[PDB]
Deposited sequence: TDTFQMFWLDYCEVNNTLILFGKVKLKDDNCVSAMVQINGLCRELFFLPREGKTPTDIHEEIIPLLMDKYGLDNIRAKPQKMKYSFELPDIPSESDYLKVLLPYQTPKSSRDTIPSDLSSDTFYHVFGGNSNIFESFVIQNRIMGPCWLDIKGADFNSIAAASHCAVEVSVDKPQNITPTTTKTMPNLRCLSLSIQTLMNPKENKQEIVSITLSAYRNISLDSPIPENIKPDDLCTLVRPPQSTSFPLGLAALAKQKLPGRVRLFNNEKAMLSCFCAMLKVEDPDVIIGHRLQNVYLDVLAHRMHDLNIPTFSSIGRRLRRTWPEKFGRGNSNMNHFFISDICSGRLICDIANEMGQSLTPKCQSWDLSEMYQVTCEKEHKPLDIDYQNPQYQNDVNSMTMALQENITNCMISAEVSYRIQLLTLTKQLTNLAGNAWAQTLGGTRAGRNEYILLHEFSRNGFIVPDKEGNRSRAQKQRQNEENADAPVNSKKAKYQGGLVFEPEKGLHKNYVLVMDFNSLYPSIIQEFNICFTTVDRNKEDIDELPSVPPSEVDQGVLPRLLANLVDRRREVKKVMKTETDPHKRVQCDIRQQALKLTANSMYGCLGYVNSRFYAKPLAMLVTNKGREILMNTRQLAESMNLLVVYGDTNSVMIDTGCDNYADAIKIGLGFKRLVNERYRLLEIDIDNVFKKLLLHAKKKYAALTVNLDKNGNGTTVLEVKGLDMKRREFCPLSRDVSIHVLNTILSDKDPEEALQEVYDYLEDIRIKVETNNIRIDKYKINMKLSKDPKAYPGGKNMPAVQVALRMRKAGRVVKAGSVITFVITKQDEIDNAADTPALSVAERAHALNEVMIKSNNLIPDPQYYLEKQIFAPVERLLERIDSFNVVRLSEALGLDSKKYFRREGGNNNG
């Protein structure tokens, strides 16, 4: 009747007011975009009186000063007992502050914040004087992520949205308890570009728009869901005219609508109009955030498009004057309103760790198990300004790419997972989709603390885990790997480490503090971490009884995502730029960790058990058993003995290795025993740290390492197994020298963290030279890029891009000398070093 109900998704700050973008059900319950403009929000300032003065003394003093300063008729202010438990010195654990409410929008001095160090005769500190509008709203009104909102007193008369409402009382908006959510209008994008040798900038040739008007995150997303619409927007690449027969052939072979334009300006103008109309909640894509959104923005800026703001939901008539590495924030604000669901950004990458480059094709293969052979489209080639079939081919590649981005997006549950994490943290959905962890920690703490009458802080360096020196070599007996479930998170709870409970010297953050006595009640941090580990426990419970393989994978991501979250809770204690940075606390967590790992080793030593290796939270035990169950007895026995030492913290049997080959620290190969339904036990090769597992080692090298390990660890006569390996390698030598191997098996990946320019000794680095050639060719390469290349027949002077090599026309052949020495010999030598009766010279001979 009078209660206006909106489901918020994103926000934006403007003119000292807060704006929420969301979805609304009308009388027929149909869902449309809406934009609320919340006014009358205030900052909760807290003045701290000196020893001898009281909140009353302060009020008498500043309330008139502030009224004059900001020209206010009246200012709400009351005394309030608040607790401080953070790194500042000279702040009492609890005091009577004068809580003052200073509206963000004031008649005068609207943006003159009160400095926290402001001193006076009555007070000496002032908390919460710089807090940001969004924070103040979400905290005061207890909003915990994307949720339904009851908004009373909605003014409709006083954006690219259907509805536009404004409220003058923040108190009017209140969260509902409804856990169901609207359907989301998703619009996947795919943009093809070409570089201009004139200005050295990237221009847009085509854009594909795959709409999915009803995506419900309540129920699961059906696989391969077909879009409710598909539309491509093509521009000429070289000349102003396409090739005769493009339209006809397009509607004959290409899926969905295809509309041709005369120049770019026109194409983008249509694109913007289309966004405004479709008005989607989420924008799917691959490398949107870090490449294509940036390009799109600059082009619209250069071509002087008026409807550029269409990308977002806020109507901007003018471009941010500072536009032209701040483009990050700028673009995020312009997109304010529509969630950017990039599957290849940090958030996406964290859900798909099995990838080495996160190329769209690789991501498709990994997450969907479907193979797609990518096509290198270079619109610089006149092949596309003349041949018509080439053009239709490129467009088709772009359609498939857009479709793949969307599918993978739904497959990895990017939207469902991020939303849930956002509701857990109480921050914004967009921010979580960006791939933040400091933000989700910051906000979960902001809420938990504020809810319990705590003052929140205004807006290597220590020793880590313990890693034992391994018993480097092979262990033919059954080995046990005992692991501590969520070591650090569990430690926090065990010894009750928290901002509120741990005594620490705030004059020296490098001074190790000490666990609090059992008398002290459980703090904030252990409580939240408690809930986190509970959630991961429940998800791993469901994963153990899931029939579908696809759903089980989907659960594995979910549990290691909640794992990342809880671990991040700890990390942010040691994150210098964390709002809740507490070096001493982190220090203490790692400390008790090491202590516990020692005690775990010693406990085994006393039982005359062999501790062959350990890393942070695990220990490996050579039991001297020839069978599984006999080791398992010693395992469960040792388990019972350590669990008695701790209240919450508990060790368990992680894996069992029929045979273990320790190479170094953090590197080893072993044979895991996996039990089946009918008690059947099988063997699987597990590897850690070894060269084969790195991206700088080609697929050939990987296969070689895997075979060598399989036979070496296989129950075969030691000298006979060695023989089998030598022979295998003699054969590989011939295959590589003659060139009887597919070039794809030679490919090497290496991510440049810096720009290829910022590499002084880059002349030696092959990946750098390759990135330089790529850029010259017109390919977008930048910090974070992953470069795939091959050494052909100085090493760096002979390294070329993979795609350039797979072009027979270029006649590029891999250098067998390099790959035999570095890619095959080096790793196998490191694989077999500590193995009995291994001969290094015999190996060197078998190759060169």
property	result
Deposited sequence positions missing from the model - stretches, numbered from 1, in order	159 to 162, 329 to 332, 468 to 492, 827 to 839, 895 to 910
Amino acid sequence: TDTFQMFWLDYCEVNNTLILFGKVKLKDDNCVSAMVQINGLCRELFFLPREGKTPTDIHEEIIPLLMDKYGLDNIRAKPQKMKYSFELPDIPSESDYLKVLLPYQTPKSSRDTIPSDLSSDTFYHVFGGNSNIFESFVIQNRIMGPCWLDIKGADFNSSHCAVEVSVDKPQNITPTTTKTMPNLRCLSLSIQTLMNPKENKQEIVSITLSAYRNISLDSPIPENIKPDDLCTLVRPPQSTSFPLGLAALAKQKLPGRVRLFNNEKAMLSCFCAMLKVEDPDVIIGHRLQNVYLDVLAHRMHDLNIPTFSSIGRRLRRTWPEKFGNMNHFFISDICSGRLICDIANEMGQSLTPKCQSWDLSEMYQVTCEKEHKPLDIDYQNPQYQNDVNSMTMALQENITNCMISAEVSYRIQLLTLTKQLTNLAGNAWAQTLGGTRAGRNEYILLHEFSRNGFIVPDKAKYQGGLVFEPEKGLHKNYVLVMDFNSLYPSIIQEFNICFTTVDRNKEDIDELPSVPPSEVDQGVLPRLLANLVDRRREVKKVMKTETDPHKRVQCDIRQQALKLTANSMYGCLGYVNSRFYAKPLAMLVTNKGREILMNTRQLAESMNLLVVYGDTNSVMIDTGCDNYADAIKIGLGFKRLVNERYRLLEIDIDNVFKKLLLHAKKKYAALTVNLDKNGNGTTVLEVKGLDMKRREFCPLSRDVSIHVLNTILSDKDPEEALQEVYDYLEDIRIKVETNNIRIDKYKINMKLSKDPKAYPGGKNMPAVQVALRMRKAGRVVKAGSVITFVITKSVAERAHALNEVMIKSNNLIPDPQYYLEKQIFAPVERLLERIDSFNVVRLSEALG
From here on, numbers count along this sequence of modelled residues.
| property | result |
| --- | --- |
| Residue stretch of maximal mean CA temperature factor, 237 to 245 vs 82 to 90 | 237 to 245 |
| Given 197 to 205 and 695 to 703, the range whose Cα B-factors average higher in the PDB entry | 197 to 205 |
| Selection by C-alpha B-factor (highest) of 604, 295, 687, 456 | 604 |
| C-alpha B-factor winner, where the candidates are 745, 125, 751, 265 | 265 |
| Chain thirds of CA B-factor: placement of residue 28 | highest |
| Position of residue 160 among the chain's modelled residues by C-alpha B-factor, lowest, middle or highest third | middle |
| Residue 44, C-alpha B-factor rank within chain (lowest, middle or highest third) | lowest |
| Ranked against its chain, the third holding the CA B-factor of residue 402 | lowest |
| Position of residue 779 among the chain's modelled residues by C-alpha B-factor, lowest, middle or highest third | highest |
